[PDB]
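Below you'll find only one chain, the form deposited in one PDB entry, shown as structure tokens.
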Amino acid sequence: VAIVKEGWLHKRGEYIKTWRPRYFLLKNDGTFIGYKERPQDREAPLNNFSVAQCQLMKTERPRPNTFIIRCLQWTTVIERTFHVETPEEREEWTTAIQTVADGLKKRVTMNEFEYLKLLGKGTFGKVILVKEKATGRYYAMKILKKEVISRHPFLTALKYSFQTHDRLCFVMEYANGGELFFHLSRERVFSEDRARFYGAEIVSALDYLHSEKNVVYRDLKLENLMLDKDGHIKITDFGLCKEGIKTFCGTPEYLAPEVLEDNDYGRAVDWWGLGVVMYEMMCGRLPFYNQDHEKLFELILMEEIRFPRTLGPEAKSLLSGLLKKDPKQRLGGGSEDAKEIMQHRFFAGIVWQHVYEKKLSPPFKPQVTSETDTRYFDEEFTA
């Protein structure tokens, strides 16, 4: 359980596509971690950084002496692009990485679904809204290029996985209670009670992913939250890695500081996201927002988060801890992880086993008759 290789690499930023020097550790457990400076040295390894079941590619574009680690994590293809000064070093890194990966080695068809809407396109495939002909139920289908290659109440479940000759297809449930940004904008702001409920269920799902699955979600934002027919949260998994837009990938309003800086990150990234999401629910606006990306980054990195006079002291305490710039200081960034949030005064009185078991009654019931009611898909209502 030790280091197989370490040294400086040039890593391309995941959201700001610039080259940055980072000190990377390769460990026999499969973790490939990069730090801004050489670390003096959470202990539970995170699969986000694992090299297990990845393929290594050597390329001379966009830059010479580049190598790429490509991994399928759950239903998303992930790439990490690195550059070294010499081809001899690139060969050292790839073989070392490859050896570690080798050491860790030890019907339904497309015709059953009706294509409805394109939800998103990515470098390695697309996501479409479909309806199973037999049931009338709605699903998101991730169609990924084959060439490139459990269950929780509040995560969108992966139901079917099947293949074509050139595509790999993941079929996951699509909640029909409406997008959470659609509900928040309609009602402007949520009461602290209502935000506590959605917040509680998110904490429950994040606790599962961190403890049981040892994975950081890293994508927690309002756009990835939906309500099912009963009004419970569903965190979505409809994402696909895209080439940036000239070059920044997506929008940064929700990104944790340590993620923006391409620095070492862990489970604390999701608590930031929780803070971003709960700040907007209870305040009616994003914490940091400015059109200049140079300013948005500074705002996220530098500007101290401000609160409205309407927020209670408990809510202000929770948001302040969640939105601490430094993850080591952030609420939930310690070894207790999710327990720090659960035991917070803002969640006093919440029985956390009742949360996992959907015992808490939703404060808002979406106006749908069943799991197949298409109200929140209808154009007339969505506007």
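Under this definition, the rigid core comprises the largest set of C-alpha atoms superposing within 1.5 Å between the forms. Residue numbers here begin at 1 and follow the sequence given.
Trainee: Is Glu340 without coordinates in at least a third of the other compared PDB entries of this protein that model the residues flanking it?
Mentor: Comparison shows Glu340 kept in all of the other entries.
Trainee: Of the other PDB entries compared that resolve residues on either side of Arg188, does at least a third omit it?
Mentor: No.
Trainee: Does the chain run continuously from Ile149 to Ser150, or are deposited residues unmodelled in between? Answer none, 1 to 3, 4 to 9, or 10 or more.
Mentor: Gap size class: 10 or more residues without coordinates, per the record.
Trainee: Using what the record says, work out whether there is a hole in the model between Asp41 and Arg42 and how many deposited residues it spans (none, 1 to 3, 4 to 9, 10 or more).
Mentor: The entry has 1 to 3 unmodelled residues between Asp41 and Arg42.
Trainee: Mind pulling up the entry and telling me whether 29-37 or 317-325 has the higher mean Cα temperature factor?
Mentor: Comparing 29-37 with 317-325, the higher average CA B-factor belongs to 29-37.
Trainee: Mean Cα B factor from the PDB record: higher for 303-311, or higher for 168-176?
Mentor: Comparing 303-311 with 168-176, the higher mean C-alpha B-factor belongs to 303-311.
Trainee: Considering only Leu331, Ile68, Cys54, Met342, which residue's Cα atom bears the greatest B-factor as recorded?
Mentor: The listed residue with the largest C-alpha B-factor is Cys54.
Trainee: Using only the C-alpha B-factors in the record, can you name which of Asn224, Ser204, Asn111, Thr156 has the highest?
Mentor: Among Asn224, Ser204, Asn111, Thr156, the highest C-alpha B-factor in the entry belongs to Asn111.
Trainee: Looking at the C-alpha B-factor of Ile245, is it in the lowest, middle or highest third of its chain?
Mentor: CA B-factor rank for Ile245: highest third.
Trainee: Test of reading the entry: by CA B factor among the chain's modelled residues, which third contains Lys131?
Mentor: Within its chain, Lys131 is a middle-third residue by C-alpha B-factor, going by the deposited values.
Trainee: C-alpha B factor of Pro252, ranked within the chain: lowest, middle or highest third?
Mentor: Within its chain, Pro252 is a highest-third residue by C-alpha B-factor, going by the deposited values.
Trainee: Divide the modelled residues of the chain into thirds by Cα B-factor and specify which third, lowest, middle or highest, holds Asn48.
Mentor: Answer is lowest: the recorded C-alpha B-factor places it there.
Trainee: If you rank every modelled residue in this chain by C-alpha B factor, which third holds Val84: lowest, middle or highest?
Mentor: Answer is middle: the recorded C-alpha B-factor places it there.
A second form of this protein, the form deposited in another entry, is not displayed here; the remarks below concern that form.
Trainee: Against the rigid core, a Cα displacement of 2 Å or more between the shown form and the other one applies to just one of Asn176, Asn224, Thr94, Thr156. Which?
Mentor: Going through each option, the one that shifts is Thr94.
Trainee: Tell me whether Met141 is among the residues that move between the shown form and the other one (Cα shift of 2 angstroms or more, core superposed).
Mentor: Indeed, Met141 is displaced by 2 Å or more.
Trainee: Once the two forms are fit on the core, has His210 moved its CA by at least 2 Å between the shown form and the other one?
Mentor: Not so; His210 is displaced by less than 2 Å.
Trainee: Please determine whether the C-alpha atom of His344 is displaced by 2 Å or more between the shown form and the other one following superposition on the rigid core.
Mentor: No, the C-alpha moves less than 2 Å.
Trainee: Which is it in the other form for the CA atoms of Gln73 and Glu258, closer or farther than here, knowing they shift by 3 Å or more?
Mentor: Closer, not farther.
Trainee: Are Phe297 and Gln73 closer or farther apart at the Cα level in the other form than shown, by 3 Å or more?
Mentor: Closer is correct, given that in the other form the C-alpha spacing of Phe297 to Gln73 is reduced by at least 3 Å.
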